[PDB]
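Novice: Sequence isn't available, so here's the structure alone:
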């Protein structure tokens, strides 16, 4: 053949401070959306980057204010939203799936960049947030799971609101992929971000 | 069929700490509005951000006046 | 031949302050898009000049985000 351009797993990618490989309903093929953002201790100012829209802004603010409600959970300083330069990028357009289907992905990415703490790859995730952070069931988690095994990713974060559909998931998928089981966002951020400490 | 999508209904759907469902005849014409609180211990402010026209701002401010009048 | 239509060598072409050698692959030939930006005290508004599109502006802000990480 030629020279390898990809990796057997994204542990070779060596977990990055920006994003952990947010799964996607990318219709040409479920990407691992490294929805990277801007963050440094500083002013505190929200904006957009990367041809984004406001659905993504309201989900970003909803996650960011869950973090504001869960400041003590992730090592965030007593004021961080009004102390960090917020400039949010999405690689794939405004949103590949219309709606913030990958909402907990940039929730984690925001939390990661605010904490300056790498969110680990070889574990990918998907899910929507309320601003209370009750993780609503996104539509068809089989998509993001099939994408996750298509990138070799085996641990997947999914809601207790989607543990209902977790057992409907196909057999080859069910044992190739175990599924991390969450109901809220604090345990997403403790499953995925074990390298937050 | 597939599994139950929503949880068992609101006689036993546990009462939410924050979200008050409410009535609205939007383009869907019938829903339950989900209303948050960004209760961060911080500066202390109020803005009705999110997809809100100013008449919703007025209604919230108006019964908000009742709440601030009946706060204790 | 005649008068040399270009320089004798691109080994020295007066290294300027703000010249950025653009190694694009154009349709007809391979060019050096020697684009320029000049620094000035201003207002923070990133000026979308010189026919910028959708990804160029956010690439510029991607640059300034990295620069904001690495101002020193």
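Specialist: Yep, it's here. Numbering: from 1, shown residues only, chains lettered A, B, ... in the order given.

Novice: mind listing what the residue nearest to the spatial centre of chain A touches?
Specialist: What sits nearest the mean C-alpha location of chain A, by Cα atoms, centre = their mean, is residue A:105, with 1.4 Å. By Cβ atoms under 8 Å, 6 or more residues apart in numbering or on different chains, the contact list for residue A:105 reads A:19, A:22-24, A:33, A:35, A:125-127. Yep, even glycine has a C-beta here, placed from its N, CA and C like the rest.

Novice: Relative to residue C:9, how far out is the closest residue in space to residue A:155 that isn't next to it in sequence?
Specialist: Distances taken as Cβ to Cβ, 6 or more residues apart in numbering or on different chains put residue A:123 closest to residue A:155, at 4.1 Å, once the chain neighbours are dropped. Plainly put, residue A:123 is 53 Å away from residue C:9 if you go by Cβ to Cβ, to the nearest Å.

Novice: ok, now residue A:79?
Specialist: On the measure of Cβ to Cβ, residue A:79 and residue C:9 end up 57 Å apart.

Novice: returning to what we had before: touching, the residue nearest to residue A:155 and residue A:177? I think so.
Specialist: No. Using Cβ atoms under 8 Å, residue A:123 makes no contact with residue A:177, being 10.7 Å away.

Novice: So for the two, which residues contact both of them?
Specialist: Joint contacts of residue A:123 and residue A:177 (Cβ under 8 Å, 6+ apart) are A:153-156.

Novice: closest to chain B among those?
Specialist: Chain B lies nearest to residue A:156 out of the shared contacts of residue A:123 and residue A:177, by Cβ to the nearest Cβ, at 17.8 Å.

Novice: can you tell me which residues contact the residue nearest to residue A:155?
Specialist: With the criterion set at Cβ under 8 Å, 6+ apart, residue A:123 makes contact with A:20-21, A:153-157, A:180, A:191-192.

Novice: can you check residue A:60 too?
Specialist: Neighbouring residues of residue A:60 by Cβ under 8 Å, 6+ apart: A:46, A:88, A:106, A:110.

Novice: can you check residue A:17 too?
Specialist: A:112-113, A:116-118.

Novice: Now the two most distant members of those.
Specialist: The largest separation in the contacts of residue A:17, counting by Cβ to Cβ, is between A:113 and A:118 at 9.9 Å.

Novice: So those two - more neighbours on which side?
Specialist: More neighbours surround residue A:113 than the other of residue A:113 and residue A:118, with 23 against 18 (other Cβ atoms under 10 Å in any protein chain shown).

Novice: Quick one: name whatever helix or strand follows the strand or helix carrying that one.
Specialist: Assigned by DSSP states H and E, residue A:113 belongs to helix A:103-115. Going down the chain from helix A:103-115, the next helix or strand is strand A:123-125, by DSSP H and E.

Novice: Which other helices and strands does whatever helix or strand comes next after that following strand contact?
Specialist: Beyond strand A:123-125 on the C-terminal side, the first helix or strand identified by DSSP H and E is helix A:141-150. Counting contacts by 3 or more Cβ pairs under 8 Å, 6 or more residues apart in numbering or on different chains; DSSP states H and E, helix A:141-150 packs against strand A:22-23, strand A:123-125, strand A:155-159, helix A:163-166, helix A:171-176.

Novice: Could I get the buried residue list for helix A:141-150?
Specialist: Under the neighbour-count criterion of 16 or more other Cβ atoms under 10 Å in any protein chain shown, helix A:141-150 has A:141, A:143-148 buried.

Novice: Tabulate the contacts of residue A:105 in CSV, adding columns for neighbour count.
Specialist: Output for the contacts of residue A:105, formatted as CSV (neighbours: other Cβ atoms under 10 Å in any protein chain shown):
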residue, neighbour count
A:19, 24
A:22, 28
A:23, 29
A:24, 26
A:33, 24
A:35, 26
A:125, 26
A:126, 29
A:127, 28
